[PDB]
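# Working through the structure, step by step
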Amino acid sequence: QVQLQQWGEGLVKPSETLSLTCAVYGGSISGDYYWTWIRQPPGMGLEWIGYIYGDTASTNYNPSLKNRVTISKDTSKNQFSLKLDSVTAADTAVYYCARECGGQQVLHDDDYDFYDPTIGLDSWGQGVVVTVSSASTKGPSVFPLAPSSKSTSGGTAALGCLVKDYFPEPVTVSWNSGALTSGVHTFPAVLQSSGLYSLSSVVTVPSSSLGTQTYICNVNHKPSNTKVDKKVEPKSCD
Amino acid sequence: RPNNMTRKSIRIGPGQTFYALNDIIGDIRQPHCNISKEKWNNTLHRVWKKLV
Amino acid sequence: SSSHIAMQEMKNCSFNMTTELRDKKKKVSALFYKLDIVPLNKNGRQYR
Amino acid sequence: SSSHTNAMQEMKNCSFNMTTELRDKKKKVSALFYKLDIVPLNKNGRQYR
Amino acid sequence: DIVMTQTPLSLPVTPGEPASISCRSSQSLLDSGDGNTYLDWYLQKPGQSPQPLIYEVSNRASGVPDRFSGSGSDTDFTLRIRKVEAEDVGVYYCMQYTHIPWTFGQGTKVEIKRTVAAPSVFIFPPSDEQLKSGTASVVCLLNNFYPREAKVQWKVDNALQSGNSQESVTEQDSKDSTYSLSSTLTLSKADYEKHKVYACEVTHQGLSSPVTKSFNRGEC
Ligand SMILES: *[C@@H]1O[C@H](CO)[C@@H](O[C@@H]2O[C@H](CO)[C@@H](O[C@@H]3O[C@H](CO[C@H]4O[C@H](CO)[C@@H](O)[C@H](O)[C@@H]4O)[C@@H](O)[C@H](O[C@H]4O[C@H](CO)[C@@H](O)[C@H](O)[C@@H]4O[C@H]4O[C@H](CO)[C@@H](O)[C@H](O)[C@@H]4O)[C@@H]3O)[C@H](O)[C@H]2NC(C)=O)[C@H](O)[C@H]1NC(C)=O
Ligand SMILES: *[C@@H]1O[C@H](CO)[C@@H](O[C@@H]2O[C@H](CO)[C@@H](O[C@@H]3O[C@H](CO[C@H]4O[C@H](CO)[C@@H](O)[C@H](O)[C@@H]4O)[C@@H](O)[C@H](O[C@H]4O[C@H](CO)[C@@H](O)[C@H](O)[C@@H]4O)[C@@H]3O)[C@H](O)[C@H]2NC(C)=O)[C@H](O)[C@H]1NC(C)=O
Ligand SMILES: *[C@@H]1O[C@H](CO)[C@@H](O[C@@H]2O[C@H](CO)[C@@H](O[C@@H]3O[C@H](CO)[C@@H](O)[C@H](O)[C@@H]3O)[C@H](O)[C@H]2NC(C)=O)[C@H](O)[C@H]1NC(C)=O
Ligand SMILES: *[C@@H]1O[C@H](CO)[C@@H](O[C@@H]2O[C@H](CO)[C@@H](O[C@@H]3O[C@H](CO)[C@@H](O)[C@H](O)[C@@H]3O)[C@H](O)[C@H]2NC(C)=O)[C@H](O)[C@H]1NC(C)=O
Ligand SMILES: *[C@@H]1O[C@H](CO)[C@@H](O[C@@H]2O[C@H](CO)[C@@H](O)[C@H](O)[C@H]2NC(C)=O)[C@H](O)[C@H]1NC(C)=O
Ligand SMILES: *[C@@H]1O[C@H](CO)[C@@H](O)[C@H](O)[C@H]1NC(C)=O
Ligand SMILES: *[C@@H]1O[C@H](CO)[C@@H](O)[C@H](O)[C@H]1NC(C)=O
């Protein structure tokens with residue numbers, strides 16, 4: 001197989017051009033291989049974008065995007081790239097670069113001339129997250145999901161932290177600097193109509209330890225370089 | 001033969017197909033034949049009497 | 001693959017064969033009973 | 001051909017390896033085939049059968 | 001474009017039992033040019049790139065265990081797992097590449113089947129720090145429930161809400177095979193202060209009757 005290491009700009013403004021590159025290690029980009037680009041919209045199935053043949057310059061594209069997609073290869077650098085113009089919000093997805101072994105590998109000094117390995121997309125890239133949004137990078141807001149008598153069931157109290165209005169993904173949330181892991185659930189983020197993200201990181205602990213053990217959530221947002229430590233305590237009935 | 005088998009078509013050449021075996025559906029159970037014990041014992045006893 | 005006679009009775013096999021065009025060989029595979037294949041050498045990897 | 005430069009898409013010039021009288025030797029021969037008698041193998045439009 | 005139908009869209013299977021996934025194509029996948037049936041199966045494990053499982057209907061990939069095995073002639077294709085294991089959880093896609101464009105299936109989400117468990121519901125009223133920000137969000141949390149299906153209805157003074165609650169579901173837990181759901185309801189300041197009682201009502205198979213958890217604003 002072949003290691004495919006891909007990079008690119010994962011954050012593009014609407015109506016701009018998305019440029020991704022996939023590098024080939026452990027193999028040659030010139031051959032009977034179909035270098036393919038495939039994207040997965042968030043929460044949907046896989047979708048095929050197109051490919052470029054290794055030997056010739058024959059390229060095929062998705063008919064839905066045939067008038068915007070352009071796939072090129074650079075045999076000197078052993079890389080092939082994807083360019084997608086006039087991107088919209090529908091072009092947010094995770095983009096994988098793959099390789100499909102063709103069915104007419106050239107055989108040298110053998111009884112036959114060609115060889116069909118019966119292989120499909122055997123090599124896949126790690127994927128690149130692409131978000132088509134005009135919103136600028138923004139710092140997260142950390143709010144305390146304080147435990148209460150309403151959040152107790154059989155001596156087990158639920159608490160957490162609500163992280164809202166941050167962009168772009170991702171945000172790493174831990175508890176007690178990673179000391180607390182049991183019962184921790186970090187729900188997947190959601191996209192509101194404002195183009196931001198929000199998610200909830202909750203944890204279930206025994207009620208008797210609410211007043212003895214200090215609970216703090218560490219929220220990190222690398223794109224905006226924001227670190228917030230929020231302490232969660234039961235609401236004060238003043 | 002208890003198990004279902006799946007066929008596979010391989011192109012021998014022009015208009016020639018070779019139907020091979022793909023896999024076995026479900027856990028593998030050996031084929032066997034059942035013969036009534038009493039009836040077979042009686043039949044063998046009778047042929048033994050004739051041979052005697 | 002058996003749960004566990006009928007365990008060793010069968011063998012995975014991968015080989016090359018001619019396609020419809022007599023200049024290209026395609027790597028195919030099939031399941032063969034061990035009664036239909038005879039080992040070539042003593043290493044127990046190649047059969048016929 | 002010269003006239004093609006001047007229904008010439010009805011035929012193609014196909015070159016293929018043909019086994020000679022010796023089974024261990026091949027010769028690159030050529031022929032002209034009507035497009036109705038050949039179909040593409042791939043979608044690259046270079047190799048037919 | 002060939003339309004590729006995968007059934008079932010969700011396949012809960014307990015380890016040790018066989019599983020079967022079926023995939024149908026609107027046209028024959030037998031390529032006329034070279035006679036190969038171009039159908040592949042791929043497994044996208046949670047949070048990983050898709051990986052090859054089966055090449056061209058039946059030819060197993062490299063490193064794929066013996067339990068996986070595909071079949072099918074030209075329009076009905078089946079992927080069978082002889083003995084499902086806990087490491088086979090993921091999404092299975094059937095892809096055709098006989099005709100341009102290549103079309104994947106909907107995707108079968110194979111998960112682990114366990115006993116039905118009722119959710120544990122908690123309510124978190126918006127805090128005063130969020131109160132100062134001009135917006136408020138109330139989350140109603142369901143913990144360790146199975147099946148993943150669960151209906152969350154927000155009632156505001158016994159008035160149903162619509163188009164204002166967003167639901168988030170975690171993936172199946174690797175330890176107890178239970179899901180966690182959280183529905184949040186976001187409202188402005190006049191909208192928060194205009195109403196007093198707030199509740200989230202949950203409907204689940206493991207609950208005999210809908211369970212409603214409520215809080216009154218200004219009270220603990
Ligand atoms: C009928 O029978 C004939 C005779 O057998 C047969 O012709 C053969 O065609 C093949 C395919 O073109 C020829 O293979 C060429 O071989 C070399 C490379 O192979 C050398 O090195 C390998 C080890 O790596 C040795 O095993 C081998 O023996 C050779 O020494 C090159 O000339 C060709 O490869 C280049 O071009 C290919 C297509 O562009 C690329 O896939 C490949 O990667 C190479 O790219 C190079 O050139 C590119 C530009 O052209 C450039 O972009 C790249 O960077 C790079 O520089 C090719 O593979 C084989 O030699 C032919 N045999 C003879 C005797 O000439 C027919 O195919 C057969 N069938 C028909 C229908 O006619
Ligand atoms: C069906 O048909 C296909 C196509 O012909 C066959 O696949 C070929 O199988 C052979 C035998 O396994 C492969 O040859 C092996 O390839 C590997 C790479 O070797 C290459 O590179 C080294 C330099 O690094 C060269 O020395 C060598 O000549 C090759 O160019 C290695 O696994 C092997 O080489 C190593 O081992 C041998 C001895 O074991 C030493 O002599 C070598 O020096 C080296 O240490 C070997 O050469 C061949 O590459 C395959 N072809 C293709 C296109 O992949 C299938 O085997 C055949 N049958 C089946 C059942 O599928
Ligand atoms: C030939 O005869 C043998 C018995 O000598 C038959 O095997 C037996 O078949 C019966 C009926 O299916 C099996 O009973 C069932 O087995 C399982 C649990 O083991 C379950 O389905 C049922 O609860 C029931 O008990 C029995 O186990 C099986 N084996 C033995 C040793 O008795 C065989 O089916 C016969 N074959 C034919 C072609 O008639
Ligand atoms: C052997 O290969 C030939 C050549 O590819 C195959 O002939 C092809 O058969 C298909 C059958 O679906 C034809 O498609 C049909 O074409 C027209 C519209 O173009 C229409 O009748 C149908 O809607 C369908 O799409 C295809 O055109 C035809 N190709 C040629 C060049 O004639 C043949 O079927 C193959 N034989 C076997 C046994 O596989
Ligand atoms: C098979 O059937 C024969 C029928 O003759 C049985 O033979 C018996 O043999 C014992 C001594 O070996 C006698 O005492 C019995 O009277 C015989 N039975 C009859 C009905 O004649 C025999 O047992 C049967 N079974 C086997 C396993 O041979
Ligand atoms: C034939 O070749 C000439 C010279 O390259 C070219 O100008 C002409 O268009 C060609 N005619 C065809 C392909 O019919
Ligand atoms: C047959 O299945 C075994 C078990 O998974 C696998 O390791 C082996 O490679 C297969 N045989 C061939 C010839 O591919």
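The residue numbers you see begin from 1 on each chain and track the sequence as written, which may not match the entry, and residues missing coordinates are not shown. All chains are assigned letters beginning at A, and all ligands numbers beginning at 1, according to the order in which they are written. The assembly from which these chains come is larger than what is shown, and the figures reported cover only the shown chains. Side-chain figures throughout are based on the complete set of non-hydrogen atoms in the structure, without hydrogens or water.

Per the deposited record, cryo-EM is how this structure was determined, to a resolution of 3.01 Å.

Under the PDB entry, the name given to chain D is 459C-OPT probe RnS DS-SOSIP gp120, and the source organism is Human immunodeficiency virus 1.

Going by what the PDB entry lists, chain A is known as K001-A1 Fab heavy chain and is assigned to Macaca mulatta.

With that settled, consider the overall build of chain A. Under the scheme used here, helices are H or I runs from DSSP no shorter than 4 residues and strands are E runs no shorter than 2 residues, and both carry numbers assigned from the N terminus. The helix and strand inventory of chain A stands at zero helices and 22 strands. For 238 residues, the compact-globule formula gives about 18 Å, and the C-alpha radius of gyration of chain A, at 24 Å, lies well above that figure. Dimensions of chain A, computed from the C-alpha atoms along their principal axes, are close to 85 × 40 × 25 Å. Only protein chains enter the accessibility calculation, which uses a 1.4 Å probe; a residue is then buried when its area is under 20% of its type maximum, exposed when over 50%, and partly exposed in between. Burial statistics for chain A: of 238 residues in total, 51% are counted as buried. Any pair of residues with heavy atoms lying within 4.5 Å of one another is described as a contacting pair. Intrachain contacts of chain A at a sequence separation of at least 6 include 59% that bridge at least 24 residues. Here chain A has roughly 10,300 Å² of accessible surface; of this, 50% comes from carbon and sulfur atoms. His is not counted, nor are the chain ends, whereas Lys and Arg count as positive and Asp and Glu as negative. Just so you know, the charge point we use is NZ for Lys, CZ for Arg, CG for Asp and CD for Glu. Of the side chains in chain A, 16 bear a positive and 20 a negative charge, and the two mean positions are spaced by 18 Å. The globule rule is 2.2 Å times the number of residues to the power 0.38, and the radius of gyration it is compared with is taken over C-alpha atoms. Here the Shrake-Rupley method, with its probe set to 1.4 Å, supplies the accessible areas, and only the displayed protein chains count as covering residues.

As a further point, take the overall build of chain D. For chain D, the count of helices and strands is one helix and two strands. Along chain D, helices (α) and strands (β) appear in the sequence α-β-β when read from the amino end. The C-alpha extent of chain D, read off along each of the three principal axes, is 40 × 25 × 15 Å. A buried classification covers 10% of the 49 residues belonging to chain D. Of the accessible surface of chain D, which amounts to about 4,500 Å², a share of 49% is contributed by carbon and sulfur atoms. Side-chain charges in chain D split into 10 positive and 4 negative, and the spacing between the mean points of these groups amounts to 9 Å.

Moving on, we get to the arrangement of the chains. Taken together, the eight pairs of chains in contact show their highest number of contacts between chains A and E. In this view chain A stays clear of chain B, with the nearest C-alpha atoms of the two still 12 Å from each other. Between chain B and chain D there is no contact, and the shortest C-alpha to C-alpha separation is 12 Å.

For any pair of aromatic rings, the description consists of the separation of the ring centres together with the inter-plane angle of the planes. Paired rings are identified among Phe, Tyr and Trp, the last through its six-membered ring, by centres lying within 6.5 Å, and are further divided according to the angle between planes into stacked (under 30 degrees), edge-to-face (over 60) and tilted (the rest). Under the counting rule described, the total for this entry stands at 20 aromatic pairs over all chains. Between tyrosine 146 of chain E and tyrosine 179 of chain E, the ring centres sit 5.9 Å apart and the planes meet at 50°, which makes this aromatic pair tilted. You can see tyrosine 146 of chain E sitting in the loop between strand 13 (136–145) and strand 14 (151–156) and its partner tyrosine 179 of chain E sitting in strand 16 (residues 179–187), a full 33 residues away along the chain. Comparing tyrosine 146 of chain E with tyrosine 179 of chain E shows no difference in burial state: the two are buried. Grouping aromatic residues by their ring pairs yields a cluster made of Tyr34, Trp48, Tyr51 and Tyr53 of chain A together with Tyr38, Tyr97 and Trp102 of chain E.

A few words now on the interface of chain A and chain E. Facing the 54 residues of chain A at the interface are 45 residues of chain E. We define buried area as the total accessible area lost by two parts upon association, computed with a 1.4 Å probe and summed across both. Surface buried jointly by chain A and chain E totals about 3,900 Å² across both partners, of which 65% is contributed by carbon and sulfur atoms. For the chain A face of the interface with chain E, the top three residues by lost area are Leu46, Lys150 and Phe187 of chain A, together amounting to 16%. Any carboxyl oxygen of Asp or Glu that lies within 4 Å of a side-chain nitrogen of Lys or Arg is treated as forming a salt bridge with it. Connecting chain A to chain E are zero salt bridges. Polar contacts, as used here, are pairs of N or O atoms within 3.5 Å; protein pairs need one atom able to donate a hydrogen and one able to accept it. Residues neighboring in sequence count only if both atoms are side-chain atoms. Counting every contact that joins chain A to chain E gives eleven residue pairs in polar contact. Of all the elements, strand 16 (residues 156–166) of chain A adds the most residues to the side of chain A that touches chain E, at six residues. In the side of chain A that touches chain E, the residues fall into 23 nonpolar, 22 polar and nine charged. Under the scheme applied here, ten amino acids are nonpolar (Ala, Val, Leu, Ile, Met, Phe, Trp, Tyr, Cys and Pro), four are charged (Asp, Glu, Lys and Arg), and all others, including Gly, are polar.

Moving on, we get to the pattern of salt bridges. Residues and elements named next belong to chain A. For the structure shown, the criterion picks out 19 salt bridges over all chains. When the shortest N-O distance is used, the salt bridge between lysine 77 and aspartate 74 registers 3.2 Å. The exposure class assigned to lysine 77 is exposed, which follows from its relative accessible area of 54%. You can call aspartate 74 partly exposed: its relative accessible area is 26%.

Bringing the environment of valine 205 of chain A into the picture now. All names here are of chain A. Tracing the sequence through the fold places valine 205 in strand 20 (residues 197–206). Through-space distance from the C-alpha of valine 205 to that of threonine 152 is 9.7 Å; in sequence the pair is 53 residues apart. When residues no more than four places from it in sequence are discounted, the contact partners of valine 205 are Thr156, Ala157, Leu159, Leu180, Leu210 and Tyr215.

Residue and element names in this part refer to chain E. One requirement defines pairing of two strands: DSSP has to find at least two bridges between them. Spatially, four strands are ordered 1-3-8-7 in an open sheet, and the strand pairing comes out antiparallel. The open sheet is flanked by strand 1 (4–7) and strand 7 (68–72), the only strands paired with a single partner. Between one strand axis and the next, the sheet turns by 20° as a mean value, whatever way the strands run. Note: strand 1 against strand 3 (residues 19–25), four bridges, orientation antiparallel. Note that in strand 3 the partner of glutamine 6 across the bridge is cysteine 23. To get an axis, fit a line to the C-alpha atoms, keeping to the stretch in contact for a helix; angles then go from 0 to 180 degrees between the N-to-C directions.

Below, the discussion takes up the state of the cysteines. A pair of sulfur atoms, both from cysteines and within 2.5 Å, is called a disulfide here. Following the criterion strictly, the structure yields five disulfides over all chains and no others. The disulfide that involves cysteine 23 of chain E links it to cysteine 94 of chain E, with 2.0 Å between the sulfurs. Measuring the twist about the S-S bond at about 75°, one finds the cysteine 23 of chain E-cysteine 94 of chain E disulfide to be right-handed. With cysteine 23 of chain E in strand 3 and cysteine 94 of chain E in strand 9 (residues 90–96), this pair connects stretches of sequence that are 71 residues apart. Of the two residues examined, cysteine 23 of chain E and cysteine 94 of chain E, each falls in the buried class. Linked covalently through their sulfurs, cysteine 140 of chain E and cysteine 200 of chain E form a disulfide whose S-S length is 2.0 Å. Taken together, the residues span a long stretch of sequence, with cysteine 140 of chain E in strand 13 and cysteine 200 of chain E in strand 17 (residues 197–203) at a distance of 60 residues. Of the two residues, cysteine 140 of chain E and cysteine 200 of chain E, neither departs from the other in class, the shared state being buried. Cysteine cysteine 101 of chain A remains unbridged, with the sulfur of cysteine 22 of chain A as its closest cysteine sulfur at 15 Å.

Turning to the side chain of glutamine 96 of chain E, a few remarks are in order. Residue and element names in this part refer to chain E. Turning to its location among the elements, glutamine 96 is positioned in strand 9. Classification of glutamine 96 as buried rests on a relative accessible area of 0%. A polar side-chain atom of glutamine 96 sits 3.3 Å from the main-chain amide nitrogen of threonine 98. Excluding residues that lie within four positions of it along the chain, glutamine 96 makes contacts with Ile2, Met4, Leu29, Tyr38, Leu39, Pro101, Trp102 and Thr103.

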